[PDB]
Amino acid sequence: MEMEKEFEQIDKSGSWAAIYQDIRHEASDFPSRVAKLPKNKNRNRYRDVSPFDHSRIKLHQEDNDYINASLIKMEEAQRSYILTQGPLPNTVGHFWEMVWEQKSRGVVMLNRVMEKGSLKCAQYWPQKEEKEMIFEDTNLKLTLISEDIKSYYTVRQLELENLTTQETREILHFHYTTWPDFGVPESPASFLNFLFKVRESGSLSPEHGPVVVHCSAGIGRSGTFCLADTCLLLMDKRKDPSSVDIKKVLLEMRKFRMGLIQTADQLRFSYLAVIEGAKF
Ligand SMILES: Cc1nc(-c2ccncc2)sc1CN
């Protein structure tokens with residue numbers, strides 16, 4: 001059923017809340033035993049948001065391999081994403097260790113460091129060229145190379161150095177800076193412009209490791225980003241683009257991380273983004 005028609009049908013009936021709760025009811029439930037170990041309590045931002053054991057990213061160390069991060073693997077679209085929480089003061093070193101170990105080219109950030117007057121994630125990247133960051137727990141150095149500030153987003157070039165081997169890589173930081181404190185954007189134009197700026201970079205392409213995507217919990221805005229990308233890619237690939245069922249793609253993705261798309265407004269926004277995106 002053409003998504004645009006289903007859309008007008010839910011909008012006129014005002015049943016967004018009812019569709020959203022049907023998804024919550026049918027969503028996968030798998031064990032998260034590693035996330036709930038007592039040694040990992042300070043590695044989790046939110047008590048109710050955990051990675052499933054079957055899909056969690058493992059850090060390459062014998063001490064403690066745990067990070068709040070999941071691999072979403074979309075078989076038919078041929079795309080992979082790592083979804084993670086905003087780093088904590090004690091997990092900034094783990095975060096960059098993961099970026100290094102997984103061979104990621106890009107980091108996508110969908111939140112501000114402070115929102116609603118509270119801290120949503122650590123200041124985990126350097127703000128001045130001449131003031132680099134060293135993560136002594138994971139033996140990494142991070143340097144700001146350049147910064148391009150636009151109206152709706154900022155792109156940064158970063159240099160990550162493995163202090164153990166003296167190898168370096170260029171990491172691109174895509175920072176969407178204008179998502180509102182409450183609700184969702186009124187038009188997805190600027191969100192869609194961001195998704196194609198990331199795409200053009202090569203960060204989402206199979207010659208690199210998976211892109212790392214985060215907001216505060218790594219399920220809401222982060223969910224919206226990977227659902228819209230995968231849905232448009234499937235509309236490109238298939239003989240009948242109307243066959244793309246946004247609700248079925250979301251339930252497939254929820255086999256890999258719990259809670260993706262946090263509100264009925266985020267679900268309506270996801271629909272808006274894929275409808276306007278299609279035209280081009
Ligand atoms: C290649 C492609 N580029 C699109 C685009 C470009 C600029 N701004 C928004 C969207 S849609 C599309 C279909 N694969």
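Whatever order the structure lists ligands and atoms in, that order sets their numbers, starting from 1. Side chains are part of it too, since the values below use all heavy atoms of this structure and drop only hydrogens, waters and symmetry mates. Positions are given from 1, in the same order as the sequence printed here.
Minimum interatomic distance between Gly106 and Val211 (heavy atoms only, all atoms of both residues): O-CG2, 3.6 Å.
A tilted orientation is assigned to the rings of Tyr124 and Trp96, their planes being inclined by 30° to 60°. Between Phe52 and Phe30, the ring-plane angle classifies as perpendicular under the 30° and 60° cut-offs. Between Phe191 and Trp179, the ring-plane angle classifies as perpendicular under the 30° and 60° cut-offs.
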Tabulating one pair per line, provide the atom names and distances (0.1 Å) for every N/O atom of ligand 1 that is less than 3.5 Å from a protein N/O atom.
residue: ligand 1; atom: 14 (N); partner: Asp236; partner atom: OD1; Å: 3.3
residue: ligand 1; atom: 14 (N); partner: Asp236; partner atom: OD2; Å: 2.9

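Both the sub-6.0 Å distance and the 45° axial angle are satisfied by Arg199 relative to the ring of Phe196.
Scored by the side chain to side chain donor-acceptor pair (under 3.5 Å) test, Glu97 finds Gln61 as partners (sequence neighbours excluded).
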